[PDB]
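Q: Input structure: input-v8.cif, which contains mmCIF, C-alpha atoms and all ligand atoms.
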data_input
#
loop_
_atom_site.label_atom_id
_atom_site.label_comp_id
_atom_site.auth_asym_id
_atom_site.auth_seq_id
_atom_site.Cartn_x
_atom_site.Cartn_y
_atom_site.Cartn_z
CA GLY H 1 -5.75 5.31 -110.60
CA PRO H 2 -3.52 6.72 -107.82
CA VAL H 3 -3.50 10.52 -107.31
CA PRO H 4 -0.02 11.93 -108.32
CA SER H 5 2.24 13.37 -105.65
CA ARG H 6 5.28 15.55 -105.63
CA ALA H 7 7.71 16.71 -102.93
CA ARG H 8 6.85 20.01 -101.19
CA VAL H 9 10.60 20.99 -101.35
CA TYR H 10 13.51 20.58 -103.79
CA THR H 11 11.22 19.50 -106.66
CA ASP H 12 13.19 21.41 -109.29
CA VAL H 13 16.78 20.61 -108.26
CA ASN H 14 17.40 17.93 -110.97
CA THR H 15 15.73 19.91 -113.79
CA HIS H 16 17.82 23.05 -113.14
CA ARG H 17 21.14 21.14 -112.77
CA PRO H 18 22.75 19.87 -116.09
CA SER H 19 21.88 16.34 -117.40
CA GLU H 20 25.43 15.26 -116.38
CA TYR H 21 24.40 15.64 -112.68
CA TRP H 22 21.55 13.04 -112.54
CA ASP H 23 22.16 11.00 -115.73
CA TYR H 24 24.45 8.50 -113.90
CA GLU H 25 24.38 5.97 -116.83
CA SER H 26 26.31 8.45 -119.08
CA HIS H 27 29.04 9.02 -116.36
CA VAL H 28 32.55 7.50 -117.09
CA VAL H 29 34.36 5.69 -114.19
CA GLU H 30 38.11 6.44 -113.82
CA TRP H 31 39.73 3.50 -111.97
CA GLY H 32 42.47 3.78 -109.36
CA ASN H 33 45.15 1.22 -108.36
CA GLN H 34 43.65 -1.75 -106.42
CA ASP H 35 47.18 -2.65 -105.13
CA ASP H 36 47.26 0.74 -103.24
CA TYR H 37 44.95 -0.96 -100.66
CA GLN H 38 45.74 -3.96 -98.51
CA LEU H 39 42.66 -5.75 -97.13
CA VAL H 40 42.94 -6.18 -93.30
CA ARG H 41 39.66 -7.86 -92.30
CA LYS H 42 36.10 -8.45 -93.46
CA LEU H 43 33.62 -6.28 -91.49
CA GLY H 44 30.38 -7.55 -93.07
CA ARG H 45 28.47 -9.06 -96.02
CA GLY H 46 25.09 -7.95 -97.43
CA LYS H 47 23.06 -8.93 -100.52
CA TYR H 48 24.77 -6.22 -102.55
CA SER H 49 28.32 -6.00 -101.08
CA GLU H 50 31.12 -7.12 -98.77
CA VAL H 51 32.83 -4.51 -96.61
CA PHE H 52 36.47 -4.59 -95.44
CA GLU H 53 38.76 -2.71 -93.11
CA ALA H 54 41.86 -1.88 -95.22
CA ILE H 55 45.04 0.21 -95.30
CA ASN H 56 46.05 2.70 -97.97
CA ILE H 57 49.78 2.08 -98.40
CA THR H 58 50.33 5.26 -100.45
CA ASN H 59 49.70 7.43 -97.36
CA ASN H 60 49.48 4.96 -94.44
CA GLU H 61 45.81 5.61 -93.68
CA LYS H 62 43.02 3.26 -92.64
CA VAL H 63 40.18 2.99 -95.16
CA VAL H 64 36.96 1.06 -95.69
CA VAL H 65 36.63 -0.92 -98.94
CA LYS H 66 33.16 -1.96 -100.15
CA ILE H 67 33.29 -4.69 -102.87
CA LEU H 68 30.07 -4.80 -104.83
CA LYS H 69 28.40 -8.19 -105.50
CA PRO H 70 27.70 -8.79 -109.28
CA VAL H 71 23.95 -8.00 -108.70
CA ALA H 72 24.76 -4.47 -107.28
CA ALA H 73 27.64 -4.06 -109.80
CA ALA H 74 24.84 -3.41 -112.38
CA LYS H 75 23.84 -0.16 -110.54
CA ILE H 76 27.30 1.03 -109.45
CA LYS H 77 27.24 4.13 -111.67
CA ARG H 78 24.24 5.42 -109.64
CA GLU H 79 25.97 4.95 -106.26
CA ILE H 80 29.26 6.43 -107.62
CA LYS H 81 27.46 9.41 -109.20
CA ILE H 82 25.51 10.02 -105.94
CA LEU H 83 28.68 9.74 -103.79
CA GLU H 84 30.66 12.13 -106.08
CA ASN H 85 27.72 14.63 -106.16
CA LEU H 86 27.47 14.66 -102.35
CA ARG H 87 31.23 14.43 -101.53
CA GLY H 88 32.27 17.12 -99.04
CA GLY H 89 28.63 17.60 -97.93
CA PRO H 90 27.88 17.79 -94.15
CA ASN H 91 28.14 14.33 -92.52
CA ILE H 92 28.20 12.48 -95.92
CA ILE H 93 30.75 9.65 -96.07
CA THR H 94 33.70 10.65 -98.34
CA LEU H 95 34.39 8.41 -101.38
CA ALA H 96 38.24 8.35 -101.59
CA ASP H 97 38.74 6.05 -104.60
CA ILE H 98 37.16 3.47 -106.91
CA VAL H 99 39.14 0.34 -107.98
CA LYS H 100 38.45 -2.97 -109.74
CA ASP H 101 38.71 -5.80 -107.25
CA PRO H 102 40.96 -8.47 -108.84
CA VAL H 103 38.99 -11.40 -107.27
CA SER H 104 35.32 -10.38 -107.80
CA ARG H 105 36.25 -8.30 -110.90
CA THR H 106 33.51 -5.91 -109.69
CA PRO H 107 33.94 -2.24 -108.60
CA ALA H 108 35.31 -1.68 -105.04
CA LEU H 109 34.52 1.71 -103.38
CA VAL H 110 37.14 3.08 -101.04
CA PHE H 111 35.91 5.32 -98.23
CA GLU H 112 37.43 7.44 -95.45
CA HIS H 113 37.69 5.51 -92.19
CA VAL H 114 35.40 6.31 -89.21
CA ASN H 115 36.46 4.85 -85.81
CA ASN H 116 32.90 3.65 -85.05
CA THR H 117 31.75 3.40 -81.40
CA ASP H 118 29.97 -0.01 -80.93
CA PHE H 119 26.16 0.23 -81.71
CA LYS H 120 25.21 -1.32 -78.32
CA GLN H 121 27.33 1.18 -76.34
CA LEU H 122 25.70 4.05 -78.25
CA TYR H 123 22.16 2.65 -77.93
CA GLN H 124 22.68 2.01 -74.20
CA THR H 125 24.56 5.12 -73.04
CA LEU H 126 23.67 8.07 -75.24
CA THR H 127 22.13 10.82 -73.12
CA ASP H 128 19.03 12.88 -73.98
CA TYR H 129 21.46 15.66 -75.04
CA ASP H 130 23.54 13.28 -77.26
CA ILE H 131 20.42 11.83 -78.94
CA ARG H 132 19.33 15.39 -79.87
CA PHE H 133 22.93 16.17 -80.95
CA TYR H 134 23.26 13.16 -83.25
CA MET H 135 19.71 13.55 -84.63
CA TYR H 136 20.64 17.14 -85.59
CA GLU H 137 23.84 15.86 -87.33
CA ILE H 138 21.68 13.31 -89.32
CA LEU H 139 19.29 16.17 -90.31
CA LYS H 140 22.30 18.08 -91.74
CA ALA H 141 23.15 15.11 -93.97
CA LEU H 142 19.53 14.56 -95.06
CA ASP H 143 18.87 18.24 -95.79
CA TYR H 144 22.09 18.27 -97.79
CA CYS H 145 21.33 15.22 -99.91
CA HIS H 146 17.67 16.27 -100.41
CA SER H 147 18.82 19.81 -101.40
CA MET H 148 21.02 18.07 -103.97
CA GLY H 149 18.04 16.16 -105.42
CA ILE H 150 18.80 12.85 -103.79
CA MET H 151 16.83 10.55 -101.51
CA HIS H 152 18.80 8.11 -99.35
CA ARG H 153 16.04 5.48 -99.10
CA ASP H 154 17.85 3.37 -96.51
CA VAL H 155 18.07 5.45 -93.37
CA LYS H 156 18.58 3.18 -90.33
CA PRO H 157 21.08 2.89 -87.43
CA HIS H 158 23.24 0.46 -89.48
CA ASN H 159 23.75 3.28 -92.02
CA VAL H 160 24.79 5.91 -89.52
CA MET H 161 28.42 5.71 -88.37
CA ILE H 162 29.18 7.45 -85.07
CA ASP H 163 32.67 8.09 -83.62
CA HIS H 164 31.36 9.24 -80.27
CA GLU H 165 34.85 10.28 -78.94
CA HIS H 166 35.16 12.88 -81.75
CA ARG H 167 31.36 13.59 -81.89
CA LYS H 168 31.61 12.70 -85.60
CA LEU H 169 28.70 11.24 -87.60
CA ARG H 170 28.58 9.95 -91.20
CA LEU H 171 25.56 8.76 -93.24
CA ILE H 172 26.82 5.76 -95.25
CA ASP H 173 25.60 3.13 -97.78
CA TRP H 174 24.26 5.18 -100.64
CA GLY H 175 23.58 1.93 -102.61
CA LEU H 176 19.79 2.38 -102.47
CA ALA H 177 19.94 6.18 -103.02
CA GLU H 178 18.15 7.72 -106.00
CA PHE H 179 17.73 11.03 -107.82
CA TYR H 180 14.36 12.57 -107.15
CA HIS H 181 12.40 13.47 -110.29
CA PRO H 182 8.81 14.78 -109.72
CA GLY H 183 6.24 12.43 -111.16
CA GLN H 184 8.64 9.45 -111.24
CA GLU H 185 7.28 6.09 -110.01
CA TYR H 186 9.97 4.38 -107.93
CA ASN H 187 10.54 0.88 -106.67
CA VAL H 188 8.87 0.42 -103.26
CA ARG H 189 11.30 -2.46 -102.37
CA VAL H 190 13.72 -0.09 -100.69
CA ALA H 191 14.85 0.60 -97.10
CA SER H 192 14.85 -2.11 -94.49
CA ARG H 193 11.50 -3.52 -93.22
CA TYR H 194 11.41 -1.74 -89.85
CA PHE H 195 12.18 1.63 -91.43
CA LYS H 196 9.92 1.42 -94.49
CA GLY H 197 7.52 4.32 -94.77
CA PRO H 198 3.73 3.64 -95.04
CA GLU H 199 4.03 4.84 -98.70
CA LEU H 200 6.22 1.78 -99.46
CA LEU H 201 3.99 -0.56 -97.42
CA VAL H 202 0.85 0.42 -99.30
CA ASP H 203 2.70 0.25 -102.70
CA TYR H 204 2.52 4.01 -103.50
CA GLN H 205 5.42 4.55 -105.98
CA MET H 206 5.32 8.31 -106.40
CA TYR H 207 7.22 8.93 -103.15
CA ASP H 208 10.01 11.48 -102.42
CA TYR H 209 12.64 12.65 -99.86
CA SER H 210 9.98 12.48 -97.09
CA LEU H 211 10.45 8.67 -96.99
CA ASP H 212 13.80 9.45 -95.24
CA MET H 213 12.00 11.54 -92.61
CA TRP H 214 9.72 8.57 -91.67
CA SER H 215 12.83 6.30 -91.32
CA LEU H 216 14.45 9.01 -89.11
CA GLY H 217 11.29 9.08 -86.91
CA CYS H 218 11.54 5.29 -86.54
CA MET H 219 15.13 5.69 -85.28
CA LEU H 220 14.08 8.37 -82.81
CA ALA H 221 11.14 6.34 -81.42
CA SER H 222 13.39 3.30 -80.92
CA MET H 223 16.01 5.35 -79.00
CA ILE H 224 13.67 7.29 -76.68
CA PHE H 225 11.24 4.38 -76.00
CA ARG H 226 13.92 1.61 -75.71
CA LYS H 227 12.30 -0.69 -78.30
CA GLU H 228 14.66 -1.69 -81.13
CA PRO H 229 13.16 -1.65 -83.80
CA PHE H 230 10.18 0.42 -82.70
CA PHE H 231 7.80 -1.05 -85.37
CA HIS H 232 8.80 -4.73 -85.43
CA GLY H 233 6.84 -6.33 -88.30
CA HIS H 234 7.16 -10.07 -89.06
CA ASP H 235 6.96 -9.19 -92.83
CA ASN H 236 5.98 -6.14 -94.97
CA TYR H 237 2.23 -6.65 -94.28
CA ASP H 238 2.54 -7.10 -90.53
CA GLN H 239 4.93 -4.05 -90.63
CA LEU H 240 1.90 -1.84 -91.56
CA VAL H 241 -0.25 -3.51 -88.87
CA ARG H 242 2.46 -2.70 -86.27
CA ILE H 243 2.41 0.95 -87.33
CA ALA H 244 -1.42 1.05 -87.34
CA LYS H 245 -1.51 -0.29 -83.77
CA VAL H 246 0.26 2.95 -82.70
CA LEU H 247 -0.80 5.59 -85.20
CA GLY H 248 -4.32 4.16 -85.63
CA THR H 249 -6.23 2.86 -88.63
CA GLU H 250 -8.41 5.96 -89.22
CA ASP H 251 -5.52 8.24 -90.29
CA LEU H 252 -4.25 5.30 -92.41
CA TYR H 253 -7.56 5.10 -94.31
CA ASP H 254 -7.60 8.90 -94.66
CA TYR H 255 -4.07 8.61 -96.14
CA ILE H 256 -4.90 5.95 -98.71
CA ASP H 257 -8.19 7.76 -99.60
CA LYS H 258 -6.31 11.09 -100.17
CA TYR H 259 -4.10 9.47 -102.84
CA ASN H 260 -6.81 7.10 -104.11
CA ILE H 261 -4.58 4.11 -103.09
CA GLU H 262 -6.23 0.67 -103.07
CA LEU H 263 -4.95 -1.35 -100.13
CA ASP H 264 -3.98 -4.99 -100.83
CA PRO H 265 -7.12 -7.07 -99.84
CA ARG H 266 -4.86 -9.26 -97.66
CA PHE H 267 -4.91 -6.40 -95.08
CA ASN H 268 -8.70 -6.88 -94.52
CA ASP H 269 -8.20 -9.93 -92.27
CA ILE H 270 -5.14 -8.45 -90.33
CA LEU H 271 -5.42 -4.60 -90.09
CA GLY H 272 -8.43 -4.47 -87.73
CA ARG H 273 -9.61 -1.15 -86.12
CA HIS H 274 -7.14 0.69 -83.88
CA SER H 275 -7.24 4.06 -82.28
CA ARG H 276 -4.17 6.33 -82.35
CA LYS H 277 -2.17 5.76 -79.11
CA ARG H 278 -0.88 8.54 -76.84
CA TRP H 279 2.95 8.25 -76.41
CA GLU H 280 2.82 8.00 -72.55
CA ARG H 281 2.10 4.26 -72.92
CA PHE H 282 5.69 3.78 -74.06
CA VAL H 283 7.15 5.90 -71.24
CA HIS H 284 8.45 4.06 -68.16
CA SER H 285 10.66 5.05 -65.16
CA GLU H 286 13.72 3.69 -67.05
CA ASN H 287 13.29 5.82 -70.27
CA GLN H 288 11.53 8.93 -68.85
CA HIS H 289 14.90 10.81 -68.91
CA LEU H 290 14.88 10.46 -72.79
CA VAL H 291 11.32 11.67 -73.19
CA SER H 292 10.20 15.29 -73.19
CA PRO H 293 7.12 17.15 -74.62
CA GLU H 294 9.50 18.53 -77.36
CA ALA H 295 10.68 14.96 -78.24
CA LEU H 296 7.01 13.83 -78.55
CA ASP H 297 5.96 16.86 -80.63
CA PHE H 298 9.02 16.30 -82.94
CA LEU H 299 8.20 12.59 -83.28
CA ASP H 300 4.51 13.37 -83.97
CA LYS H 301 5.65 15.56 -86.89
CA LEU H 302 7.85 12.83 -88.45
CA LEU H 303 5.67 9.77 -87.88
CA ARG H 304 2.77 10.78 -90.13
CA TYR H 305 1.16 8.44 -92.67
CA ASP H 306 0.87 11.30 -95.15
CA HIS H 307 4.34 11.71 -96.66
CA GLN H 308 3.37 15.30 -97.66
CA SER H 309 2.59 16.29 -94.04
CA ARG H 310 5.94 15.29 -92.44
CA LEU H 311 8.51 17.86 -91.38
CA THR H 312 11.18 18.38 -94.01
CA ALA H 313 14.83 18.09 -92.78
CA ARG H 314 15.27 21.89 -92.79
CA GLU H 315 12.02 22.47 -90.88
CA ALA H 316 12.99 19.67 -88.39
CA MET H 317 16.29 21.55 -87.67
CA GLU H 318 14.43 24.51 -86.19
CA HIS H 319 12.20 22.33 -83.97
CA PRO H 320 12.30 23.09 -80.19
CA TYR H 321 13.68 19.55 -79.58
CA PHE H 322 17.12 20.92 -80.82
CA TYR H 323 17.10 24.22 -78.85
CA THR H 324 19.36 22.60 -76.18
CA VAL H 325 21.89 21.48 -78.88
CA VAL H 326 25.08 23.64 -79.11
CA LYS H 327 25.17 25.21 -82.62
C1 LIG T 401 18.75 3.82 -82.41
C2 LIG T 401 19.36 4.64 -83.52
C3 LIG T 401 19.63 6.08 -83.15
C4 LIG T 401 18.58 6.92 -82.78
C5 LIG T 401 18.82 8.23 -82.43
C6 LIG T 401 20.11 8.72 -82.44
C7 LIG T 401 21.16 7.91 -82.80
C8 LIG T 401 20.94 6.58 -83.16
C9 LIG T 401 22.12 5.74 -83.55
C10 LIG T 401 22.63 5.86 -84.84
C11 LIG T 401 23.73 5.11 -85.24
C12 LIG T 401 24.35 4.23 -84.36
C13 LIG T 401 25.56 3.44 -84.79
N1 LIG T 401 25.34 2.66 -86.01
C14 LIG T 401 26.50 1.86 -86.38
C15 LIG T 401 26.19 1.24 -87.72
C16 LIG T 401 27.43 0.82 -88.43
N2 LIG T 401 27.41 0.31 -89.69
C17 LIG T 401 28.72 0.02 -90.03
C18 LIG T 401 29.31 -0.52 -91.17
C19 LIG T 401 30.68 -0.71 -91.21
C20 LIG T 401 31.34 -1.29 -92.43
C21 LIG T 401 31.44 -0.34 -90.10
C22 LIG T 401 30.86 0.20 -88.96
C23 LIG T 401 29.48 0.38 -88.92
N3 LIG T 401 28.65 0.89 -87.93
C24 LIG T 401 23.83 4.10 -83.08
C25 LIG T 401 22.74 4.85 -82.69
CL1 LIG T 401 22.17 4.66 -81.06
#
Translate the structure of the given file into structure tokens.
A:
Amino acid sequence: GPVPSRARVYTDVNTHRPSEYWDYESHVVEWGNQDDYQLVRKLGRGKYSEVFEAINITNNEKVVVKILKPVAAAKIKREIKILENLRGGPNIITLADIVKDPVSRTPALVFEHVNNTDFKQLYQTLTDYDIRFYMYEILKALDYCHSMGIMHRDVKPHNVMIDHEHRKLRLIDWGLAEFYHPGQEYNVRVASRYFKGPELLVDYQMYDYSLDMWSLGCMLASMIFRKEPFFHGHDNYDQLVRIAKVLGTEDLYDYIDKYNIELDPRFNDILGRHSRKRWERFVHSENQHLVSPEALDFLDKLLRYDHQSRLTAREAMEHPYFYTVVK
């Protein structure tokens, strides 16, 4: 069978905190007044929720209301427990209230409002300095939630709100987040395709916080190399082939052999043989201003098949790539 794995950091957090901390099923939800919030406009719909711009009439403040679809309503206690546990943490979205939506009859989470700068404007105009700045702000959020025994499991640009005018960042959508328990086998059907770690793609369930570090590396590669997403798989299988065309097949086989993982035989006719590519291939006159030896070294230390070998969030914070960032 597969070789067990455990995180190299924060393994003991959930065993040394009381059962009340991680046992989200036992937690009792206190409901607020749904008529305190007037819905203004729908911002989006996903498979687990609908998100609205709203106004809190008890203070006159803009808020975001997320109304959970009945499918996600089953695992609301987990999201609420994670949001309450992390509330006040650096760059974590603040849960302001929880109400019962009168239409869906499902829980509706009320969050602080972030005046989000359009994704395209950010993706097209952030400087080398700003990219480093915002990556460092994401690292604060990830080190915080990992230090609190939580993995996000859905790190991606869509889940990072940036108010560029106020240089304010928030990591949102904690709906796929989970408490990390060493030895626990987790669902690999997490994160979005382009950001899924090789551990998920090869069906290795004993993963940990380091999955978030791979997703972060995917975001960095996309930004500095101007390819969004960086690893653009047609499906979960082709997603691993796309990675292997850059990082090579040899380190992939060393990875699966280390953990005694048996690859799905469907990979035999699609994976091929690929050498690891040097990053200069992805550097052109247009994006050279975003690329530096420090950016490449930092990326090399995130985008590793072996989840145990990746930089942790705290280690990533002292990488030379952030020396130019005002602290
Ligand atoms: C290429 C990704 C990346 C790499 C390195 C540094 C930063 C970023 C980044 C990170 C986040 C964003 C902005 N993302 C907006 C996502 C978003 N999701 C929302 C959801 C709601 C309900 C409202 C506004 C929302 N805005 C833009 C960018 Cl460019």
Q: Between chain H and ligand LIG 401 (chain T), at 6 Å or less, what are the per-residue closest atom pairs and their distances in Å? Count all atoms listed in the file, order by chain and rising residue number, and return it as JSON lines.
A:
{"residue": "H:43", "atom": "CA", "partner": "T:LIG401", "partner_atom": "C20", "distance": 5.6}
{"residue": "H:51", "atom": "CA", "partner": "T:LIG401", "partner_atom": "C20", "distance": 5.5}
{"residue": "H:116", "atom": "CA", "partner": "T:LIG401", "partner_atom": "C22", "distance": 5.6}
{"residue": "H:119", "atom": "CA", "partner": "T:LIG401", "partner_atom": "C13", "distance": 4.5}
{"residue": "H:122", "atom": "CA", "partner": "T:LIG401", "partner_atom": "CL1", "distance": 4.6}
{"residue": "H:123", "atom": "CA", "partner": "T:LIG401", "partner_atom": "CL1", "distance": 3.7}
{"residue": "H:131", "atom": "CA", "partner": "T:LIG401", "partner_atom": "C6", "distance": 4.7}
{"residue": "H:134", "atom": "CA", "partner": "T:LIG401", "partner_atom": "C6", "distance": 5.5}
{"residue": "H:135", "atom": "CA", "partner": "T:LIG401", "partner_atom": "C6", "distance": 5.3}
{"residue": "H:157", "atom": "CA", "partner": "T:LIG401", "partner_atom": "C11", "distance": 4.1}
{"residue": "H:158", "atom": "CA", "partner": "T:LIG401", "partner_atom": "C15", "distance": 3.5}
{"residue": "H:159", "atom": "CA", "partner": "T:LIG401", "partner_atom": "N2", "distance": 5.3}
{"residue": "H:160", "atom": "CA", "partner": "T:LIG401", "partner_atom": "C11", "distance": 4.5}
{"residue": "H:161", "atom": "CA", "partner": "T:LIG401", "partner_atom": "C14", "distance": 4.7}
{"residue": "H:162", "atom": "CA", "partner": "T:LIG401", "partner_atom": "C13", "distance": 5.4}
{"residue": "H:219", "atom": "CA", "partner": "T:LIG401", "partner_atom": "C4", "distance": 4.4}
{"residue": "H:220", "atom": "CA", "partner": "T:LIG401", "partner_atom": "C4", "distance": 4.7}
{"residue": "H:222", "atom": "CA", "partner": "T:LIG401", "partner_atom": "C1", "distance": 5.6}
{"residue": "H:223", "atom": "CA", "partner": "T:LIG401", "partner_atom": "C1", "distance": 4.6}
Q: Taking all atoms listed in the file into account, which of H:232, H:132, H:284, H:291 comes nearest residue H:322?
A: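 Looking at the shortest contact to residue H:322, the residue is H:132.
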Q: Give me the residues near residue H:34 as a list in words, where near means some atom within 12 Å (using all atoms listed in the file) and where sequence neighbours in that chain fewer than 5 positions away do not count.
A: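 With the cut-off at 12 Å, the set is residues 39, 54, 55, 56, 57, 58, 65, 67, 97, 98, 99, 100, 101, 102, 103, 105, 106, 107, 108, 109 and 110 of chain H.
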Q: What separation in Å, quoted to one decimal, exists between atom CA of residue H:81 and atom CA of residue H:140?
A: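 That distance, rounded to one decimal, is 20.2 Å.
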Q: Kindly give the distance, in Å, that separates atom CA of residue H:255 and atom CA of residue H:305, rounded to a single decimal.
A: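 Rounded to one decimal, the two atoms are 6.3 Å apart.
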Q: What gap, in Å, lies between atom CA of residue H:206 and atom CA of residue H:185?
A: 4.7 Å
Q: Write out as number ranges by chain which residues come within 12 Å of residue H:268 when counting all atoms listed in the file, dropping same-chain ones fewer than 5 positions away.
A: H: 237-238, 241, 249, 262-263, 273
Q: Please determine the residues with any atom at most 7 Å from (29.3, -5.9, -103.3) (coordinates as given in the file, with all atoms listed in the file counting) and report them as a ChimeraX atom specification.
A: /H:48-50,66-70,72-73
Q: From the options H:236, H:113, H:251, H:165, which residue's atoms come nearest to residue H:126, counting all atoms listed in the file?
A: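 Counting all atoms listed in the file, the residue closest to residue H:126 is H:165.
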Q: Find the residues around residue H:130 up to 10 Å (all atoms listed in the file counted), leave out those fewer than 5 positions away in its own chain, and share them as a list in words.
A: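 With the cut-off at 10 Å, the set is residues 122, 125, 135, 136, 164, 167 and 325 of chain H.
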Q: Between H:143, H:326, H:302, H:240, single out the one closest to residue H:267, counting all atoms listed in the file.
A: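 Closest to residue H:267, using all atoms listed in the file: H:240.
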Q: Which residues come within 9 Å of residue H:139, counting all atoms listed in the file, excluding same-chain residues fewer than 4 positions away, as a list in words?
A: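 Using all atoms listed in the file, the neighbours found are residues 134, 135, 143, 144, 213, 216, 313, 314, 316 and 317 of chain H.
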Q: So which one's closest to residue H:168, H:3, H:29, H:138, H:64? Using only C-alpha atoms, please.
A: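 Looking at the shortest contact to residue H:168, the residue is H:138.
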Q: Residues at most 10 Å from residue H:155, counting only C-alpha atoms, excluding those fewer than 2 positions away in the same chain, as a ChimeraX atom specification?
A: /H:138,142,151-153,157-160,171-174,176-177,191-192,195-196,211-216,218-219
Q: For residue H:6, which residue among H:19, H:312, H:210, H:260 is the nearest when counting all atoms listed in the file?
A: H:210
Q: Complete the atoms of stretch 154-174 of chain H to N, CA and C atoms and put them out as a short mmCIF file (atom, residue, chain, number, x, y, z; two decimals), in the coordinates of the input.
A:
data_model
loop_
_atom_site.label_atom_id
_atom_site.label_comp_id
_atom_site.auth_asym_id
_atom_site.auth_seq_id
_atom_site.Cartn_x
_atom_site.Cartn_y
_atom_site.Cartn_z
N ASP H 154 17.47 4.47 -97.41
CA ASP H 154 17.85 3.37 -96.51
C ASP H 154 18.37 3.90 -95.19
N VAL H 155 17.70 4.91 -94.66
CA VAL H 155 18.07 5.45 -93.37
C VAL H 155 17.71 4.44 -92.27
N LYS H 156 18.71 4.15 -91.42
CA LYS H 156 18.58 3.18 -90.33
C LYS H 156 19.88 3.28 -89.54
N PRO H 157 19.88 2.78 -88.27
CA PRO H 157 21.08 2.89 -87.43
C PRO H 157 22.31 2.26 -88.09
N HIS H 158 22.14 1.15 -88.80
CA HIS H 158 23.24 0.46 -89.48
C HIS H 158 23.95 1.37 -90.48
N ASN H 159 23.23 2.37 -91.02
CA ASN H 159 23.75 3.28 -92.02
C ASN H 159 24.16 4.64 -91.47
N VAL H 160 24.32 4.70 -90.18
CA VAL H 160 24.79 5.91 -89.52
C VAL H 160 25.97 5.52 -88.66
N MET H 161 27.17 5.96 -89.08
CA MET H 161 28.42 5.71 -88.37
C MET H 161 28.66 6.82 -87.38
N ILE H 162 28.89 6.46 -86.11
CA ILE H 162 29.18 7.45 -85.07
C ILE H 162 30.51 7.13 -84.37
N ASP H 163 31.42 8.11 -84.37
CA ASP H 163 32.67 8.09 -83.62
C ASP H 163 32.35 9.03 -82.47
N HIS H 164 31.83 8.46 -81.40
CA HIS H 164 31.36 9.24 -80.27
C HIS H 164 32.45 10.10 -79.59
N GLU H 165 33.69 9.59 -79.53
CA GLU H 165 34.85 10.28 -78.94
C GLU H 165 35.10 11.62 -79.62
N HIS H 166 34.97 11.66 -80.96
CA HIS H 166 35.16 12.88 -81.75
C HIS H 166 33.86 13.56 -82.13
N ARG H 167 32.70 13.02 -81.65
CA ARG H 167 31.36 13.59 -81.89
C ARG H 167 31.14 13.78 -83.39
N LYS H 168 31.60 12.78 -84.14
CA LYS H 168 31.61 12.70 -85.60
C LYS H 168 30.58 11.67 -86.11
N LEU H 169 29.70 12.11 -87.00
CA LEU H 169 28.70 11.24 -87.60
C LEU H 169 28.81 11.26 -89.12
N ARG H 170 28.62 10.10 -89.74
CA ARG H 170 28.58 9.95 -91.20
C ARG H 170 27.39 9.07 -91.61
N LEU H 171 26.64 9.52 -92.63
CA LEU H 171 25.56 8.76 -93.24
C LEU H 171 26.22 8.00 -94.38
N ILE H 172 26.16 6.66 -94.32
CA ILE H 172 26.82 5.76 -95.25
C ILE H 172 25.80 4.95 -96.05
N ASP H 173 26.34 4.05 -96.94
CA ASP H 173 25.60 3.13 -97.78
C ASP H 173 24.55 3.80 -98.62
N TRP H 174 25.04 4.43 -99.67
CA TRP H 174 24.26 5.18 -100.64
C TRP H 174 23.84 4.28 -101.82
#
